[PDB]
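My questions all concern the structure below.
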Amino acid sequence: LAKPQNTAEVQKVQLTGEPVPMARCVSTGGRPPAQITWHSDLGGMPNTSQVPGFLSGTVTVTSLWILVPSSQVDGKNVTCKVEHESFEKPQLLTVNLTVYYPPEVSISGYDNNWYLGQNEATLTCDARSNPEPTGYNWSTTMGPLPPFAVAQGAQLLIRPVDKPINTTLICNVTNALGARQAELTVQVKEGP
Ligand SMILES: *[C@@H]1O[C@H](CO[C@@H]2O[C@@H](C)[C@@H](O)[C@@H](O)[C@@H]2O)[C@@H](O[C@@H]2O[C@H](CO)[C@@H](O[C@@H]3O[C@H](CO)[C@@H](O)[C@H](O)[C@@H]3O)[C@H](O)[C@H]2NC(C)=O)[C@H](O)[C@H]1NC(C)=O
Ligand SMILES: *[C@@H]1O[C@H](CO)[C@@H](O[C@@H]2O[C@H](CO)[C@@H](O[C@@H]3O[C@H](CO)[C@@H](O)[C@H](O)[C@@H]3O)[C@H](O)[C@H]2NC(C)=O)[C@H](O)[C@H]1NC(C)=O
Ligand SMILES: *[C@@H]1O[C@H](CO)[C@@H](O[C@@H]2O[C@H](CO)[C@@H](O)[C@H](O)[C@H]2NC(C)=O)[C@H](O)[C@H]1NC(C)=O
Ligand SMILES: *[C@@H]1O[C@H](CO)[C@@H](O[C@@H]2O[C@H](CO)[C@@H](O)[C@H](O)[C@H]2NC(C)=O)[C@H](O)[C@H]1NC(C)=O
Ligand SMILES: *[C@@H]1O[C@H](CO)[C@@H](O)[C@H](O)[C@H]1NC(C)=O
């Protein structure tokens, strides 16, 4: 028998409809051939294959992990387990998935309890994409931003109001692949 060594890269992927290979794992020069299995919180479909090795009697196994690409998987871990009767213990190889996609946006920092004459409250335009977003843009459903709302990069500062107002905000985010956007209505009364 022969002790074979192995590798594993990460096959970068876009947002195609079909299930494509997102991670490869390979054990070259096995005798006998090695056993390759995958383990992770988000299992899919592993497709294995093998070609003759270098020294007569050996075999190199090449297994790829196929899955239907999706935004929440970017950054997640996938582990390949190469087990063979010649190692001290089953060897473990881990890859760091990668998926490019348009920006998914949302706005936080608003508790329906906004009243007249309060202190400066600021909202953040939460956005998760790959690769990182290149530009942020604030505007209103009416066109230009009201005078009490001054834009600050990826955040919008809301100053004190003298009289009640209404305005649905829009955060247009642009990264290297596209440009998306969120919506959001905000109110300020008097009450107590
Ligand atoms: C901010 O807007 C509110 C109302 O907000 C409401 O929802 C928004 C998304 C828009 O669709 C608005 O058009 C809509 O009003 C203003 O106060 C609202 O005024 C309207 C009419 O002036 C009130 O209509 C009432 O409807 C109820 C039943 O739904 C009837 O019982 C009443 O008789 C009356 O017809 C509406 O009730 C009232 N909304 C609230 C929550 O009180 C508000 O004036 C505006 N801000 C400022 C500073 O003017
Ligand atoms: C897979 O690898 C990627 C990058 O190779 C990892 O992304 C990295 O995520 C960490 C934490 O989530 C980021 O580190 C933090 O950076 C900020 C700087 O903004 C710093 O303030 C923090 O103290 C911390 O160091 C890191 O920026 C980010 N890498 C890149 C290139 O953006 C990802 O976590 C890996 N995924 C898994 C499942 O291991
Ligand atoms: C694993 O993938 C291989 C190819 O990587 C599949 O082989 C294909 O087989 C289909 C029919 O089943 C053929 O139409 C293709 O030409 C083959 N593709 C290649 C690249 O050879 C194989 O079917 C897959 N294994 C399993 C068990 O599904
Ligand atoms: C995801 O994979 C990374 C490696 O890319 C893991 O990082 C290891 O963390 C352990 C314990 O924290 C360390 O002993 C190792 O040194 C780290 N690996 C490297 C190469 O530095 C991480 O544990 C994994 N996390 C998840 C959630 O899967
Ligand atoms: C968002 O910003 C991009 C970049 O300039 C622009 O082309 C696009 O028209 C904007 N989208 C909307 C809905 O305003």
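Note that chain A is numbered according to Swiss-Prot, with residues 142-333 shown in order.
Recorded method is electron microscopy, 3.7 Å.
Note that Cβ sites are derived from N, Cα and C of the backbone, with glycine treated the same way.
For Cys166-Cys221, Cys266-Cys312, the entry in Swiss-Prot reads disulfide bond, with the evidence type sequence analysis. Positions annotated as domain 'Ig-like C2-type 1' by Swiss-Prot: 145-237. Annotation source Swiss-Prot lists domain 'Ig-like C2-type 2' at 244-328. The N-linked glycosylation site feature in Swiss-Prot is assigned to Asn188, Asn218, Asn237, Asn278, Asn307, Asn313.
Structural setting of the listed features?
Counting only same-chain residues six or more apart in sequence, the Cβ atoms lying under 8 angstroms from the Cβ of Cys166 (disulfide bond) belong to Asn147, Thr148, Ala149, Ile177, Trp179, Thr203, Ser204, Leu205, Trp206, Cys221, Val223, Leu234, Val236.
In the three-state DSSP reading, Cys312 (disulfide bond) counts as strand.
All chains included, 11 other C-beta atoms sit within 10 angstroms of the C-beta of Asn188 (N-linked glycosylation site). Classification of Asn188 (N-linked glycosylation site) by DSSP places it within a strand.
Counting only same-chain residues six or more apart in sequence, the Cβ atoms lying under 8 angstroms from the Cβ of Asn218 (N-linked glycosylation site) belong to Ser181, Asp182, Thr235, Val236, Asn237, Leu238.
In the three-state DSSP assignment, the secondary structure recorded for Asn237 (N-linked glycosylation site) is strand.
In sequence order, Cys312, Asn313, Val314, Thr315 constitute the residues six or more apart from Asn278 (N-linked glycosylation site) in its chain with CB-CB distances below 8 Å. In the three-state DSSP assignment, the secondary structure recorded for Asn278 (N-linked glycosylation site) is strand.
The number of other CB atoms found within 10 A of the CB of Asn307 (N-linked glycosylation site), across every protein chain shown, is 11.
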Who sits close to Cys266 (disulfide bond): which same-chain residues at least 6 apart have their Cβ under 8 Å from its Cβ?
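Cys266 (disulfide bond) has long-range Cβ partners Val246, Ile248, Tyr277, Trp279, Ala295, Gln296, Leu297, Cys312, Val314, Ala323.
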Using CB under 6 Å from any atom of ligand 3, narrow the recorded positions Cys166, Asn188, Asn278, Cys312, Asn313 to the ones that qualify.
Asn188
Would you count the other C-beta atoms found within 10 angstroms of the C-beta of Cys221 (disulfide bond) for me?
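For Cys221 (disulfide bond), the count of other Cβ atoms within 10 Å is 25.
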